[PDB]
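> There's a structure below that I have some questions on.
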2 protein chains.
Amino acid sequence: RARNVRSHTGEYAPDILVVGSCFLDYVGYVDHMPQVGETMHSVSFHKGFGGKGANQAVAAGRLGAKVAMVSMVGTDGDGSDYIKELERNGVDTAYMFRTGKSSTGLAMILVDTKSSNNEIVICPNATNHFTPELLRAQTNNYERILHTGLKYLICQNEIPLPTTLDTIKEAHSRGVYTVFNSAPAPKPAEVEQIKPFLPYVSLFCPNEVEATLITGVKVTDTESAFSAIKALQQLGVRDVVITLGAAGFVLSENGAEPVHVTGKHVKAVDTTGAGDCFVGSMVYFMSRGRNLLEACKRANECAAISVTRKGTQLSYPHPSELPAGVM
Amino acid sequence: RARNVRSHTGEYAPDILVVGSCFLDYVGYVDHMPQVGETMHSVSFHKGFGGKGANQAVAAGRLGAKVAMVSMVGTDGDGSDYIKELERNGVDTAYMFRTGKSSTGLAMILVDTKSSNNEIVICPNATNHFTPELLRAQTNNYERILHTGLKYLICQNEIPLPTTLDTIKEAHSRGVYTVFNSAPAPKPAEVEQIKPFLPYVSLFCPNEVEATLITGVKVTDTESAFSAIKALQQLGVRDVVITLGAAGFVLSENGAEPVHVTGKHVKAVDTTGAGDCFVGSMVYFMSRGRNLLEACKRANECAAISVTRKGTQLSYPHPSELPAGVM
Ligand SMILES: Nc1ncnc2c1ncn2[C@@H]1O[C@H](COP(=O)(O)OP(=O)(O)OP(=O)(O)O)[C@@H](O)[C@H]1O
Ligand SMILES: Nc1ncnc2c1ncn2[C@@H]1O[C@H](COP(=O)(O)OP(=O)(O)OP(=O)(O)O)[C@@H](O)[C@H]1O
Ligand SMILES: [Cl-]
Ligand SMILES: [Cl-]
Ligand SMILES: [Cl-]
Ligand SMILES: [Cl-]
Ligand SMILES: [Cl-]
Ligand SMILES: [Cl-]
Ligand SMILES: [Cl-]
Ligand code: NA
Ligand code: NA
Ligand code: NA
Ligand code: NA
Ligand code: NA
Ligand code: NA
Ligand code: NA
C-alpha cells in the first residue's frame with residue numbers, strides 16, 4: 001500500500017478535502033506537430049503531475065495544509081507514482097481509490113517549443129468511473145470522508161459532474177464550507193445542472209470565462225466581474241471570488257461590498273496551473289483562520305510566484321519563498 | 001525487487017537473450033487528429049506494452065522460451081509494470097536495468113478509428129541511456145549475460161546503435177547465434193555503421209524496406225528479395241530471412257538456394273507487432289532444435305495468427321491456442 005491509512009480514532013483526519021482529478025501529464029517536445037500517419041521522435045520528454053484536483057491539493061499541501069485527496073487512479077504504476085507524489089507534497093492519500101479496470105488519468109501533451117504551440121489529448125481514464133454511486137459505496141454514503149472535523153471541501157469540474165455536485169451538496173448539508181472552482185469551463189448542459197446546486201456552494205471561485213458561462217454576464221474586467229458576483233449571489237452563492245489573471249481577483253464576502261485586488265507585477269513565464277495554485281492556497285489560508293479577503297490576497301501572491309516559473313506543480317511555492325506576513 | 005534474481009550456479013540462465021527496447025504504449029483513440037493548438041478528449045484509452053525488443057522477447061516467452069530481456073527502464077511505476085508484465089509473459093528480467101534519472105520509454109500513439117490513421121511520438125527516455133559503457137559496467141564486460149550455454153541473441157534497432165552492434169559482436173565472438181532485426185529501418189548513417197558488423201550477424205531478418213536500405217537492392221517481391229539475400233551473404237551474413245507481410249517470407253540457410261514461403265491467408269484485423277512476433281517465434285523454434293526453415297515456417301504461422309486480433313503483444317499466441325502441428 002503506497003496510500004496512507006486512516007486510524008480508528010481519526011487522529012490524522014484532514015481540515016481540507018479535495019474531491020477531484022488526478023492526471024499525469026505526459027509531455028513530448030517535438031520539432032513539429034505530427035501530420036496524419038506520421039511516426040516521429042520527441043526531442044525531449046517531461047512527466048508532470050496534474051489534474052486540477054491534485055494541483056489544488058498540492059498547492060495547499062506544499063504550504064503545510066492538512067489536506068486529503070479523494071480521487072480515482074489505476075492500480076497501474078502511474079497510479080502508485082501519483083499516490084507517492086501526493087504524500088511527498090503533504091497530501092493524505094488514504095481516500096484515493098484505485099481501479100483495476102482503467103488506467104490512471106493522463107493528458108498527452110505535444111509541445112513545439114520553436115512555434116510555442118501545443119496539442120493536448122485528455123484521457124480521464126479511471127476518472128470517468130469516479131461516480132457518486134462508487135464514491136458512496138466506498139465511503140459509507142460519504143461518512144468515511146465527511147467526518148465532523150472537516151472544515152473545507154474543494155471541488156472542480158474535472159470529474160463526473162454528478163460526483164462534484166452530490167459531494168458539494170452532502171458536504172454543505174454537514175456544515176462543511178464548500179469551494180467549487182468550475183474548471184474546466186462548464187458546457188451549456190453542465191451550466192444548467194450546476195445552477196440549482198449553487199445554494200450549496202459556500203465559495204464559488206471561477207475565472208472570467210467560467211463566470212461568463214455561468215451567469216450570462218460577459219466578464220472581461222473588474223466592473224463586469226462585479227456584475228457577475230451579483231448574479232452569483234442571486235443564484236445563492238454565499239462567497240464569490242472571480243480570478244482575473246494578471247488583473248488579480250474580485251470578491252465579495254457574504255454579500256458585503258465587492259473588492260478588487262490587482263495582480264502582482266511579476267515576469268509571467270508560464271501561468272499553467274496558476275488558478276489551481278490560487279484556489280488551493282486560498283483554502284489553506286482560510287484553514288489557518290484568514291478571512292476570505294486575507295486568504296485571497298495571500299493566494300494572489302502565491303499564484304503570482306507560480307506564474308514566474310514553468311512546471312505547474314513544480315512552480316507552486318513553499319512557505320520559505322513567501323514574503324513576511326503571508327503565512 | 002520486481003525483477004528476477006540469477007542463481008550462483010546459472011541454473012536459470014536463458015537460451016535466448018534479447019538486448020533491446022521496452023516502450024509503454026500510450027494509446028489515445030480520438031474522434032479526429034488534434035489540430036495545432038487544440039485541446040480535446042480521447043474517446044477511449046488503452047495502455048499497452050511495446051518496444052520491438054520486449055515484443056520479440058514476449059513472442060518467444062509466450063511459446064515457452066527460456067528468454068531473458070536486457071534493457072533499460074525507469075525506477076518509475078511504468079518500469080515496474082513492465083518488469084512484472086515480462087515475467088507474466090515468460091521473460092526473465094534479472095538484466096533489466098533501472099535508472100532513477102529517466103522515465104521509462106514510451107510511445108504516445110493517437111488513433112483515429114474512423115480513418116484508422118495514427119500519429120506516433122516516440123519518447124525513448126531511459127532507453128537513450130542504454131549504452132555499451134553502461135551495459136559493460138553492469139555485466140562485467142558482457143560476461144554476466146553472455147554465459148557459455150547462451151544459444152541466441154536477438155537485437156533490433158530501437159536502442160542506441162552502438163549497444164546493438166557491440167553486443168552482436170561480443171555474442172558472435174563467443175559462438176552465440178546472433179539475430180538482428182534492423183527495425184525501425186536504419187538511417188543512411190546507421191547503414192554505414194551496421195555494414196562492417198554484418199559478419200557478426202548469424203541471421204539478418206529485415207522486412208522489404210529494411211533489406212532495401214541495407215543492400216541497395218530495391219525489394220518489392222520474391223525475385224528481388226532473392227537478390228537482396230545474395231547481397232547480404234556478400235556483406236557477410238550467414239543466414240538471411242526477409243519478411244514480406246502477407247506474402248510470408250524468403251530465406252537462405254548458410255548460402256543455399258533461396259526459398260519463398262507464402263503468407264497464410266487470414267483476415268488481417270491488426271498487423272501491429274506481427275514482425276516482432278515472427279522474429280521472437282522464429283528464434284524460440286530454433287531454440288527448440290528446429291532448423292531455420294522449419295522455425296520460419298512456424299513463425300510465419302504465429303505471425304499470421306497475431307494479425308487476426310488487435311492488441312500487439314496480446315495478439316501473440318500461447319501454445320494452447322495454436323492449431324495442432326505448429327508447436
Ligand atoms: N500574468 C500574471 N501576472 C500576475 N499574476 C497572475 C498572472 N496570471 C495569473 N496570475 C495569478 O493567477 C491567478 C489565476 O489566474 P487565472 O484567472 O489566469 O487562472 P485560471 O483562468 O483559473 O487559470 P491559469 O491562470 O492557470 O491560466 C490570478 O488571479 C493571479 O493571482
Ligand atoms: N496480412 C497478413 N496476412 C498474413 N500474414 C501476415 C500479414 N501481415 C503480416 N503477416 C505475417 O507477419 C510477418 C511479418 O510481417 P511484416 O513483414 O509486415 O513485418 P514488419 O515489417 O517487421 O512489421 P509488421 O508485420 O508488424 O507490420 C509476415 O512475414 C507474415 O508472417
Ligand atoms: Cl496503494
Ligand atoms: Cl510535476
Ligand atoms: Cl482507461
Ligand atoms: Cl526491480
Ligand atoms: Cl499489451
Ligand atoms: Cl525521461
Ligand atoms: Cl493474452
Ligand atoms: Na508539510
Ligand atoms: Na499536509
Ligand atoms: Na480502492
Ligand atoms: Na507557473
Ligand atoms: Na512458460
Ligand atoms: Na520463459
Ligand atoms: Na495483431
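In the C-alpha cells, chains take the letters A, B, ... in the order shown, each chain's residues start at 1, and ligands count up from 1 in the order shown.
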Output as a PyMOL selection string the set of chain A residues within 9 Å of chain B, with distances taken over only C-alpha atoms.
chain A and resi 26+28+30+33-47+76-81+102-103+107-110+117-125
> Please provide as a tab-separated table (two decimals) with C-alpha atoms, in the first residue's frame all residues within 12 Å of range 294-298 of chain A, with the sequence filter that same-chain residues fewer than 4 positions apart are discarded (counting only C-alpha atoms).

chain	number	residue	atom	x	y	z
A	63	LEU	CA	2.09	25.29	2.26
A	203	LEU	CA	-17.46	29.73	-2.17
A	205	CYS	CA	-14.31	30.65	-7.45
A	239	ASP	CA	-18.94	33.95	-1.04
A	240	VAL	CA	-17.76	34.75	-4.54
A	241	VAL	CA	-14.19	35.07	-5.84
A	242	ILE	CA	-13.56	35.65	-9.52
A	243	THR	CA	-9.91	35.40	-10.59
A	248	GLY	CA	-5.86	39.73	-9.82
A	249	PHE	CA	-9.24	38.90	-8.36
A	250	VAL	CA	-12.55	40.32	-7.23
A	251	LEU	CA	-14.50	39.10	-4.27
A	252	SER	CA	-17.47	39.63	-2.06
A	253	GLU	CA	-17.59	38.02	1.43
A	259	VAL	CA	-13.45	44.28	-3.59
A	260	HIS	CA	-10.84	44.26	-6.39
A	261	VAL	CA	-7.19	43.38	-5.72
A	262	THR	CA	-4.88	43.72	-8.66
A	263	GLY	CA	-2.36	41.15	-9.85
A	264	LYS	CA	1.22	41.19	-8.60
A	275	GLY	CA	-5.51	29.18	-10.97
A	277	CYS	CA	-2.41	27.35	-7.04
A	278	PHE	CA	-4.67	30.31	-6.19
A	279	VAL	CA	-7.60	28.08	-5.19
A	280	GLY	CA	-5.55	25.61	-3.14
A	281	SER	CA	-3.53	28.36	-1.39
A	282	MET	CA	-6.71	30.38	-0.73
A	283	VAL	CA	-8.30	27.48	1.10
A	284	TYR	CA	-5.14	26.70	3.10
A	285	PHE	CA	-5.08	30.34	4.35
A	286	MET	CA	-8.77	30.05	5.28
A	287	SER	CA	-7.98	26.85	7.24
A	288	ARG	CA	-5.26	28.90	9.10
A	289	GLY	CA	-8.06	31.33	10.11
A	290	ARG	CA	-7.67	34.04	7.50
A	302	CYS	CA	1.27	32.53	-4.20
A	303	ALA	CA	-0.27	32.31	-7.72
A	304	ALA	CA	1.91	35.25	-8.78
A	305	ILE	CA	5.07	33.39	-7.58
A	317	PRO	CA	5.63	27.98	-3.65
A	319	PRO	CA	6.46	28.78	2.79
A	322	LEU	CA	6.65	33.88	0.70
A	323	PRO	CA	7.11	37.46	1.93
A	324	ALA	CA	6.73	38.18	5.64
A	325	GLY	CA	3.09	38.19	6.84
A	326	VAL	CA	1.69	35.89	4.09
A	327	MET	CA	1.91	32.58	6.06
> Around ligand 13, which protein and nucleic acid residues have at least one atom no more than 8 Å from it, if we count only C-alpha atoms and all ligand atoms? List them as a list in words.
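Sorted by chain and then by number, the residues are residues 268, 269, 270, 271, 272, 273, 274, 303, 305, 306, 307, 308, 309, 310, 311, 312, 313, 314, 315 and 316 of chain A.
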> Would you output that residue set with N, CA, C and O atoms, as a PDB file, in the first residue's frame?

ATOM      1  N   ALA A 268       5.731  36.999 -16.033  1.00  0.00           N
ATOM      2  CA  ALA A 268       4.986  35.800 -16.348  1.00  0.00           C
ATOM      3  C   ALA A 268       5.794  34.980 -17.360  1.00  0.00           C
ATOM      4  O   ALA A 268       6.076  35.421 -18.445  1.00  0.00           O
ATOM      5  N   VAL A 269       6.207  33.791 -16.944  1.00  0.00           N
ATOM      6  CA  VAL A 269       6.936  32.853 -17.753  1.00  0.00           C
ATOM      7  C   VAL A 269       5.979  31.730 -18.193  1.00  0.00           C
ATOM      8  O   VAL A 269       6.049  31.230 -19.304  1.00  0.00           O
ATOM      9  N   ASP A 270       5.071  31.335 -17.308  1.00  0.00           N
ATOM     10  CA  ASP A 270       4.220  30.166 -17.545  1.00  0.00           C
ATOM     11  C   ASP A 270       3.156  30.166 -16.460  1.00  0.00           C
ATOM     12  O   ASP A 270       3.466  29.965 -15.316  1.00  0.00           O
ATOM     13  N   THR A 271       1.925  30.449 -16.863  1.00  0.00           N
ATOM     14  CA  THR A 271       0.822  30.597 -15.967  1.00  0.00           C
ATOM     15  C   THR A 271       0.091  29.261 -15.769  1.00  0.00           C
ATOM     16  O   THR A 271      -0.919  29.190 -15.050  1.00  0.00           O
ATOM     17  N   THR A 272       0.535  28.199 -16.453  1.00  0.00           N
ATOM     18  CA  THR A 272      -0.104  26.887 -16.309  1.00  0.00           C
ATOM     19  C   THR A 272      -0.240  26.528 -14.813  1.00  0.00           C
ATOM     20  O   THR A 272       0.743  26.471 -14.062  1.00  0.00           O
ATOM     21  N   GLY A 273      -1.490  26.285 -14.418  1.00  0.00           N
ATOM     22  CA  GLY A 273      -1.871  25.847 -13.108  1.00  0.00           C
ATOM     23  C   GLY A 273      -1.917  26.963 -12.056  1.00  0.00           C
ATOM     24  O   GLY A 273      -2.051  26.674 -10.877  1.00  0.00           O
ATOM     25  N   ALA A 274      -1.762  28.230 -12.479  1.00  0.00           N
ATOM     26  CA  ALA A 274      -1.734  29.333 -11.581  1.00  0.00           C
ATOM     27  C   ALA A 274      -3.066  29.398 -10.837  1.00  0.00           C
ATOM     28  O   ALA A 274      -3.060  29.651  -9.677  1.00  0.00           O
ATOM     29  N   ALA A 303      -0.008  32.550  -6.298  1.00  0.00           N
ATOM     30  CA  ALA A 303      -0.272  32.308  -7.721  1.00  0.00           C
ATOM     31  C   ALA A 303       0.668  33.165  -8.588  1.00  0.00           C
ATOM     32  O   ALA A 303       1.259  32.669  -9.554  1.00  0.00           O
ATOM     33  N   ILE A 305       3.758  34.086  -7.601  1.00  0.00           N
ATOM     34  CA  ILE A 305       5.072  33.393  -7.582  1.00  0.00           C
ATOM     35  C   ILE A 305       5.057  32.245  -8.600  1.00  0.00           C
ATOM     36  O   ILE A 305       6.018  32.047  -9.340  1.00  0.00           O
ATOM     37  N   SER A 306       3.954  31.495  -8.652  1.00  0.00           N
ATOM     38  CA  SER A 306       3.869  30.294  -9.530  1.00  0.00           C
ATOM     39  C   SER A 306       4.043  30.686 -11.003  1.00  0.00           C
ATOM     40  O   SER A 306       4.713  29.979 -11.763  1.00  0.00           O
ATOM     41  N   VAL A 307       3.550  31.880 -11.359  1.00  0.00           N
ATOM     42  CA  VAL A 307       3.498  32.359 -12.717  1.00  0.00           C
ATOM     43  C   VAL A 307       4.933  32.637 -13.221  1.00  0.00           C
ATOM     44  O   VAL A 307       5.226  32.566 -14.442  1.00  0.00           O
ATOM     45  N   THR A 308       5.862  32.817 -12.283  1.00  0.00           N
ATOM     46  CA  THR A 308       7.248  33.165 -12.630  1.00  0.00           C
ATOM     47  C   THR A 308       8.114  31.947 -12.963  1.00  0.00           C
ATOM     48  O   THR A 308       9.291  32.109 -13.246  1.00  0.00           O
ATOM     49  N   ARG A 309       7.559  30.732 -12.909  1.00  0.00           N
ATOM     50  CA  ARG A 309       8.332  29.517 -13.212  1.00  0.00           C
ATOM     51  C   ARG A 309       7.437  28.562 -14.003  1.00  0.00           C
ATOM     52  O   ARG A 309       6.206  28.611 -13.847  1.00  0.00           O
ATOM     53  N   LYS A 310       8.064  27.722 -14.842  1.00  0.00           N
ATOM     54  CA  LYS A 310       7.389  26.611 -15.556  1.00  0.00           C
ATOM     55  C   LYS A 310       7.141  25.465 -14.566  1.00  0.00           C
ATOM     56  O   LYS A 310       7.785  25.401 -13.532  1.00  0.00           O
ATOM     57  N   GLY A 311       6.253  24.537 -14.938  1.00  0.00           N
ATOM     58  CA  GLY A 311       6.235  23.199 -14.350  1.00  0.00           C
ATOM     59  C   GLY A 311       4.973  22.905 -13.568  1.00  0.00           C
ATOM     60  O   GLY A 311       4.891  21.827 -12.942  1.00  0.00           O
ATOM     61  N   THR A 312       4.001  23.836 -13.610  1.00  0.00           N
ATOM     62  CA  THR A 312       2.703  23.648 -12.970  1.00  0.00           C
ATOM     63  C   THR A 312       2.973  23.382 -11.494  1.00  0.00           C
ATOM     64  O   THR A 312       3.328  24.302 -10.774  1.00  0.00           O
ATOM     65  N   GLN A 313       2.821  22.139 -11.015  1.00  0.00           N
ATOM     66  CA  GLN A 313       3.001  21.909  -9.558  1.00  0.00           C
ATOM     67  C   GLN A 313       4.416  22.289  -9.111  1.00  0.00           C
ATOM     68  O   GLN A 313       4.603  22.693  -7.955  1.00  0.00           O
ATOM     69  N   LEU A 314       5.397  22.109  -9.993  1.00  0.00           N
ATOM     70  CA  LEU A 314       6.797  22.426  -9.664  1.00  0.00           C
ATOM     71  C   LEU A 314       6.963  23.928  -9.386  1.00  0.00           C
ATOM     72  O   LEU A 314       7.886  24.300  -8.701  1.00  0.00           O
ATOM     73  N   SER A 315       6.072  24.764  -9.912  1.00  0.00           N
ATOM     74  CA  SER A 315       6.158  26.231  -9.661  1.00  0.00           C
ATOM     75  C   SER A 315       5.405  26.716  -8.418  1.00  0.00           C
ATOM     76  O   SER A 315       5.461  27.917  -8.092  1.00  0.00           O
ATOM     77  N   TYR A 316       4.702  25.827  -7.724  1.00  0.00           N
ATOM     78  CA  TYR A 316       3.908  26.245  -6.587  1.00  0.00           C
ATOM     79  C   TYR A 316       4.834  26.495  -5.408  1.00  0.00           C
ATOM     80  O   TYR A 316       5.746  25.716  -5.154  1.00  0.00           O
TER      81      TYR A 316
END
> Can you pull out the residues contacting residue 3 in chain B? Cut-off 12 Å, using only C-alpha atoms, and skip same-chain residues under 3 positions away; I want them as number ranges by chain.
B: 6, 68-70, 73, 75, 79-88, 91-98
> Write the selection just made, keeping N, CA and C atoms, as an mmCIF file, in the first residue's frame?

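Below you can see part17.cif, which holds the result:
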data_model
loop_
_atom_site.group_PDB
_atom_site.id
_atom_site.type_symbol
_atom_site.label_atom_id
_atom_site.label_comp_id
_atom_site.auth_asym_id
_atom_site.auth_seq_id
_atom_site.Cartn_x
_atom_site.Cartn_y
_atom_site.Cartn_z
ATOM 1 N N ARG B 6 19.184 -13.954 -10.580
ATOM 2 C CA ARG B 6 20.017 -15.086 -11.011
ATOM 3 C C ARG B 6 20.382 -15.969 -9.800
ATOM 4 N N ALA B 68 15.455 -14.096 -21.770
ATOM 5 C CA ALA B 68 15.751 -13.014 -20.796
ATOM 6 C C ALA B 68 15.831 -11.701 -21.555
ATOM 7 N N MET B 69 15.289 -10.638 -20.958
ATOM 8 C CA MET B 69 15.271 -9.339 -21.572
ATOM 9 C C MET B 69 16.346 -8.471 -20.953
ATOM 10 N N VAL B 70 17.163 -7.859 -21.788
ATOM 11 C CA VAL B 70 18.129 -6.902 -21.311
ATOM 12 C C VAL B 70 17.739 -5.554 -21.889
ATOM 13 N N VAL B 73 14.839 0.613 -18.212
ATOM 14 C CA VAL B 73 13.593 1.250 -17.892
ATOM 15 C C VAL B 73 13.818 2.175 -16.703
ATOM 16 N N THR B 75 12.912 3.821 -12.743
ATOM 17 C CA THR B 75 12.521 3.315 -11.470
ATOM 18 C C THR B 75 11.048 3.656 -11.238
ATOM 19 N N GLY B 79 8.082 1.373 -15.336
ATOM 20 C CA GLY B 79 9.184 0.445 -15.264
ATOM 21 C C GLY B 79 8.784 -0.802 -14.502
ATOM 22 N N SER B 80 8.141 -0.609 -13.351
ATOM 23 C CA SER B 80 7.827 -1.725 -12.501
ATOM 24 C C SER B 80 6.744 -2.565 -13.182
ATOM 25 N N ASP B 81 5.774 -1.898 -13.795
ATOM 26 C CA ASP B 81 4.740 -2.576 -14.545
ATOM 27 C C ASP B 81 5.329 -3.425 -15.676
ATOM 28 N N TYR B 82 6.339 -2.900 -16.373
ATOM 29 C CA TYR B 82 6.921 -3.629 -17.491
ATOM 30 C C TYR B 82 7.616 -4.859 -16.936
ATOM 31 N N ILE B 83 8.418 -4.681 -15.878
ATOM 32 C CA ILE B 83 9.132 -5.803 -15.323
ATOM 33 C C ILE B 83 8.177 -6.954 -14.966
ATOM 34 N N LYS B 84 7.077 -6.666 -14.267
ATOM 35 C CA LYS B 84 6.107 -7.703 -13.936
ATOM 36 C C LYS B 84 5.440 -8.321 -15.192
ATOM 37 N N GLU B 85 5.132 -7.507 -16.205
ATOM 38 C CA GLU B 85 4.437 -7.966 -17.401
ATOM 39 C C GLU B 85 5.356 -8.939 -18.109
ATOM 40 N N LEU B 86 6.648 -8.623 -18.126
ATOM 41 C CA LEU B 86 7.578 -9.511 -18.786
ATOM 42 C C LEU B 86 7.550 -10.881 -18.134
ATOM 43 N N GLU B 87 7.593 -10.892 -16.798
ATOM 44 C CA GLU B 87 7.603 -12.125 -16.054
ATOM 45 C C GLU B 87 6.332 -12.907 -16.364
ATOM 46 N N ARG B 88 5.194 -12.207 -16.468
ATOM 47 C CA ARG B 88 3.890 -12.862 -16.741
ATOM 48 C C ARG B 88 3.801 -13.393 -18.177
ATOM 49 N N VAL B 91 9.360 -14.099 -19.566
ATOM 50 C CA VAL B 91 10.627 -13.460 -19.835
ATOM 51 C C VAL B 91 11.309 -13.142 -18.509
ATOM 52 N N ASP B 92 12.576 -13.564 -18.391
ATOM 53 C CA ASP B 92 13.383 -13.308 -17.230
ATOM 54 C C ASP B 92 13.795 -11.838 -17.245
ATOM 55 N N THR B 93 13.746 -11.204 -16.073
ATOM 56 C CA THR B 93 14.001 -9.772 -16.003
ATOM 57 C C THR B 93 15.240 -9.452 -15.166
ATOM 58 N N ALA B 94 16.067 -10.434 -14.839
ATOM 59 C CA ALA B 94 17.202 -10.152 -13.978
ATOM 60 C C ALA B 94 18.115 -9.086 -14.586
ATOM 61 N N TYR B 95 18.175 -8.948 -15.913
ATOM 62 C CA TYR B 95 19.076 -7.955 -16.516
ATOM 63 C C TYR B 95 18.300 -6.779 -17.105
ATOM 64 N N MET B 96 17.126 -6.470 -16.548
ATOM 65 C CA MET B 96 16.501 -5.231 -16.813
ATOM 66 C C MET B 96 17.158 -4.177 -15.915
ATOM 67 N N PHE B 97 17.801 -3.168 -16.507
ATOM 68 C CA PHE B 97 18.397 -2.110 -15.740
ATOM 69 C C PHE B 97 17.358 -1.028 -15.499
ATOM 70 N N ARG B 98 17.481 -0.350 -14.355
ATOM 71 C CA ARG B 98 16.573 0.713 -13.998
ATOM 72 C C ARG B 98 17.379 1.967 -13.668
#
> Hey, can you check how far CA of residue 321 in chain A sits from atom 19 (O, counted along the ligand's line) of ligand 1?
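Separation of CA of residue 321 in chain A and atom 19 (O, counted along the ligand's line) of ligand 1: 20.6 Å.
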> What lies within 12 Å of residue 213 in chain A using only C-alpha atoms, ignoring chain neighbours under 4 positions off, as a ChimeraX atom specification?
/A:182-192,194-195,206-209,217-219,228,231-232
> Take the selection from the previous step and output its residues with N, CA, C and O atoms, as a compact mmCIF listing (two decimals), in the first residue's frame.

# COMPACT_ATOMS: atom_id res chain seq x y z
N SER A 182 -15.20 26.01 -10.94
CA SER A 182 -15.89 25.33 -12.03
C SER A 182 -14.99 25.32 -13.28
O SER A 182 -15.29 26.00 -14.30
N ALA A 183 -13.87 24.58 -13.17
CA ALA A 183 -12.86 24.41 -14.22
C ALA A 183 -12.60 22.92 -14.47
O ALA A 183 -12.51 22.14 -13.53
N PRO A 184 -12.44 22.50 -15.73
CA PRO A 184 -12.57 23.34 -16.89
C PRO A 184 -14.00 23.84 -17.09
O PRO A 184 -14.95 23.33 -16.49
N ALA A 185 -14.09 24.87 -17.93
CA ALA A 185 -15.26 25.65 -18.16
C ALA A 185 -16.48 24.77 -18.40
O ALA A 185 -16.45 23.84 -19.20
N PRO A 186 -17.59 24.98 -17.68
CA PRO A 186 -18.77 24.16 -17.90
C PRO A 186 -19.42 24.40 -19.27
O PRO A 186 -19.57 25.52 -19.72
N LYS A 187 -19.82 23.30 -19.91
CA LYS A 187 -20.59 23.29 -21.12
C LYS A 187 -22.05 23.66 -20.82
O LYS A 187 -22.50 23.62 -19.68
N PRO A 188 -22.84 24.08 -21.84
CA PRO A 188 -24.19 24.60 -21.59
C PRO A 188 -25.08 23.67 -20.74
O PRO A 188 -25.73 24.13 -19.84
N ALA A 189 -25.06 22.36 -20.99
CA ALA A 189 -25.87 21.44 -20.15
C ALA A 189 -25.27 21.31 -18.73
O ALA A 189 -26.01 21.08 -17.80
N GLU A 190 -23.94 21.48 -18.58
CA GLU A 190 -23.31 21.48 -17.26
C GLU A 190 -23.74 22.74 -16.48
O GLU A 190 -24.12 22.65 -15.32
N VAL A 191 -23.74 23.89 -17.16
CA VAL A 191 -24.19 25.10 -16.50
C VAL A 191 -25.60 24.88 -15.96
O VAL A 191 -25.88 25.25 -14.84
N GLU A 192 -26.50 24.32 -16.76
CA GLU A 192 -27.90 24.14 -16.33
C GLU A 192 -27.98 23.25 -15.07
O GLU A 192 -28.77 23.47 -14.17
N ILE A 194 -25.54 22.79 -12.80
CA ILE A 194 -24.82 23.45 -11.72
C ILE A 194 -25.73 24.44 -10.98
O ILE A 194 -25.74 24.49 -9.77
N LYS A 195 -26.49 25.24 -11.73
CA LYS A 195 -27.15 26.40 -11.13
C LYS A 195 -28.00 26.01 -9.93
O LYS A 195 -27.87 26.66 -8.91
N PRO A 206 -14.76 31.02 -9.87
CA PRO A 206 -14.48 30.86 -11.30
C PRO A 206 -13.44 31.84 -11.82
O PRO A 206 -13.07 32.78 -11.12
N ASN A 207 -13.00 31.62 -13.05
CA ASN A 207 -12.20 32.62 -13.79
C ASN A 207 -13.22 33.42 -14.59
O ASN A 207 -14.47 33.20 -14.44
N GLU A 208 -12.74 34.30 -15.46
CA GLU A 208 -13.68 35.20 -16.14
C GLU A 208 -14.57 34.42 -17.11
O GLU A 208 -15.81 34.62 -17.17
N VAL A 209 -13.96 33.53 -17.89
CA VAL A 209 -14.74 32.71 -18.86
C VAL A 209 -15.83 31.94 -18.11
O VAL A 209 -17.02 31.97 -18.48
N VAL A 217 -23.36 37.17 -17.70
CA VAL A 217 -22.66 38.44 -17.72
C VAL A 217 -21.35 38.23 -18.48
O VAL A 217 -20.58 37.35 -18.12
N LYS A 218 -21.07 39.08 -19.47
CA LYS A 218 -19.83 38.94 -20.20
C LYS A 218 -18.70 39.49 -19.34
O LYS A 218 -18.53 40.69 -19.23
N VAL A 219 -17.91 38.60 -18.72
CA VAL A 219 -16.90 39.09 -17.77
C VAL A 219 -15.58 39.26 -18.49
O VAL A 219 -15.09 38.30 -19.02
N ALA A 228 -21.02 40.00 -12.35
CA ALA A 228 -21.05 38.53 -12.27
C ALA A 228 -21.21 38.11 -10.81
O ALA A 228 -22.10 37.31 -10.49
N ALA A 231 -24.90 38.38 -9.86
CA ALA A 231 -25.69 37.27 -10.43
C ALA A 231 -25.46 35.98 -9.61
O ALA A 231 -26.41 35.28 -9.24
N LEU A 232 -24.20 35.74 -9.22
CA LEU A 232 -23.82 34.54 -8.48
C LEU A 232 -24.44 34.55 -7.09
O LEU A 232 -24.95 33.53 -6.65
> Expressed in Å to a single decimal, how great is the separation between CA of residue 178 in chain B and CA of residue 198 in chain B?
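Here the two named atoms are 10.1 Å from each other.
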> In range 218-320 of chain A, what's strand (DSSP E or B) per DSSP? Answer as a list in words?
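Reading the DSSP output for range 218-320 of chain A, strand (DSSP E or B) covers residues 239, 240, 241, 242, 243, 249, 250, 251, 252, 259, 260 and 261 of chain A.
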> Export, as a PDB file, in the first residue's frame, the selected residues with C-alpha atoms.

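Output saved as out-v3.pdb:
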ATOM      1  CA  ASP A 239     -18.942  33.949  -1.044  1.00  0.00           C
ATOM      2  CA  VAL A 240     -17.764  34.752  -4.541  1.00  0.00           C
ATOM      3  CA  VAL A 241     -14.189  35.069  -5.836  1.00  0.00           C
ATOM      4  CA  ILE A 242     -13.563  35.655  -9.519  1.00  0.00           C
ATOM      5  CA  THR A 243      -9.913  35.397 -10.593  1.00  0.00           C
ATOM      6  CA  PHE A 249      -9.241  38.901  -8.365  1.00  0.00           C
ATOM      7  CA  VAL A 250     -12.553  40.316  -7.235  1.00  0.00           C
ATOM      8  CA  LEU A 251     -14.503  39.098  -4.274  1.00  0.00           C
ATOM      9  CA  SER A 252     -17.472  39.630  -2.058  1.00  0.00           C
ATOM     10  CA  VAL A 259     -13.453  44.284  -3.594  1.00  0.00           C
ATOM     11  CA  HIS A 260     -10.842  44.257  -6.386  1.00  0.00           C
ATOM     12  CA  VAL A 261      -7.186  43.385  -5.724  1.00  0.00           C
TER      13      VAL A 261
END
> So that each row is one residue of chain A with an atom at most 8 Å from ligand 10, can you give its shortest atom pair and the distance in Å to one decimal, using only C-alpha atoms and all ligand atoms, rows by chain and rising number, as a Markdown table?

| residue | atom | partner | partner_atom_place_in_ligand_line | distance |
| --- | --- | --- | --- | --- |
| A:61 | CA | ligand 10 | 1 (Na) | 6.4 |
| A:62 | CA | ligand 10 | 1 (Na) | 6.3 |
| A:63 | CA | ligand 10 | 1 (Na) | 6.7 |
| A:64 | CA | ligand 10 | 1 (Na) | 4.0 |
| A:65 | CA | ligand 10 | 1 (Na) | 6.9 |
| A:89 | CA | ligand 10 | 1 (Na) | 7.1 |
| A:90 | CA | ligand 10 | 1 (Na) | 5.0 |
